[PDB]
Amino acid sequence: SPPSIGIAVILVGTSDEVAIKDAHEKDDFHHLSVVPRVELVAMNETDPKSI
Amino acid sequence: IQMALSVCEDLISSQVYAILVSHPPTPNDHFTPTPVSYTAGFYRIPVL
Amino acid sequence: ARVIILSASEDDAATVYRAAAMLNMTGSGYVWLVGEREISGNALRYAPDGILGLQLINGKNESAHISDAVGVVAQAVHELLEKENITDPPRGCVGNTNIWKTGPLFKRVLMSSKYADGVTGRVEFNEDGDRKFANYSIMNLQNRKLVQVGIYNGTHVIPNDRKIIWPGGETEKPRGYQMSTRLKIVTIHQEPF
C-alpha cells in the first residue's frame, strides 16, 4: 500500500536491452514491500533540449 | 528549466557566436548563470 | 593578536556584528577588516565604528560593461575572421548533440587580445577567463555613514588623504598585537630537581 517505487531506467546506448528487461523482473523483495513499477526508454541521441 | 529550454531554442534559431548572461532583479544572486553555463556550453561556445 | 579578517553572508554578517558588539571586543585596538557584501545591505546597520572595507570602483554600471563586452567580442571576431578551416555554428538543440570543432580554438584568441582604450579602463583577461587589474575604493565607517578614504589601482595602494578612524576613537593606529605575560609552565616529578 505504501509503494514508493516511482523508479525509471532509461538507456541512451541501446546496449543489452533484452538482458536488461529479462533480469528486471526476476527476484522478489517482499521484505521491502515496494510494488516495483518501473519503466524503459530507448536511445534518442541525448541532446540538451532533447534530454 | 524554462530558461534552459529557451536557450536551446534560441541557439537552435540563431546559432550564436557568443551569448551574454545577466543577473536577475529577483535577488538570489546564485541562479543567474545556472542555465546558460551548461545549456549553451555543450557545443563549447564562449559565454560572457 | 588583534586584527580580525571576516568573510560571510550579509544576513549572517548582521548577526556576527551583533554578537561582537555584545562583548567589549569591538574597540580600543581591535582593528577589523571586511570585504564588500558584508558591508552593504542590512550588514551596514549592525556594523560598528572603525570598519575598513572594500568596494569596486565600477560594479553596478551595466551600460559600460555591455559596451566593453560588445567591443571585445567584436574585436575578437574581427581578429579571428582571417583564420582558415572553420565550421559554421551548429544548428539545433533538439536533434543534435556534438562538439563544435572551432569552439575551443576561439578560446586561444579571445583571452589573448588587448582592448586598448575602454570606458572601464583596459580590458585584459588572466589565464582563467577572469578580469584582472581592477580598481578598489577603500572605505571607512565614519559617524555611521560611509565615506571614501584611499583607493586601489590594481597593483599598489593609494591612501587618499582623509583620516580613517580605528574602532572606539583613538585615531592613532593600533599595533594589532599584544603579549600574554601569564604563561603556564609544566613539570614532572624528579628527585634532585
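Numbering, chain C: per Swiss-Prot, residues 216-408 in sequence.
Method reported for this entry: electron microscopy, 4.1 Å.
Positions of Cβ are set from backbone N, Cα and C atoms, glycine also.
Per Swiss-Prot, these features apply:
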CARBOHYD  C:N239  N-linked glycosylation site
CARBOHYD  C:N276  N-linked glycosylation site
CARBOHYD  C:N300  N-linked glycosylation site
CARBOHYD  C:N350  N-linked glycosylation site
CARBOHYD  C:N368  N-linked glycosylation site
Listed glycosylation sites C:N239, C:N276, C:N300, C:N368, filtered to Cα within 10 Å of C:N350 (N-linked glycosylation site): C:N368
In the chain carrying C:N276 (N-linked glycosylation site), residues 6 or more apart in sequence that have Cβ under 8 angstroms from it: C:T335
Lowest local Cβ density (other Cβ within 10 Å) among glycosylation sites: C:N239, C:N300, C:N368: C:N300
Between C:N368 (N-linked glycosylation site) and C:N300 (N-linked glycosylation site), the C-alpha gap once rounded to whole angstrom: 42
Number of other Cβ atoms within 10 Å of the Cβ of C:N350 (N-linked glycosylation site) across all protein chains: 14
Rounded Cα-Cα span from C:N239 (N-linked glycosylation site) to C:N300 (N-linked glycosylation site), Å: 70
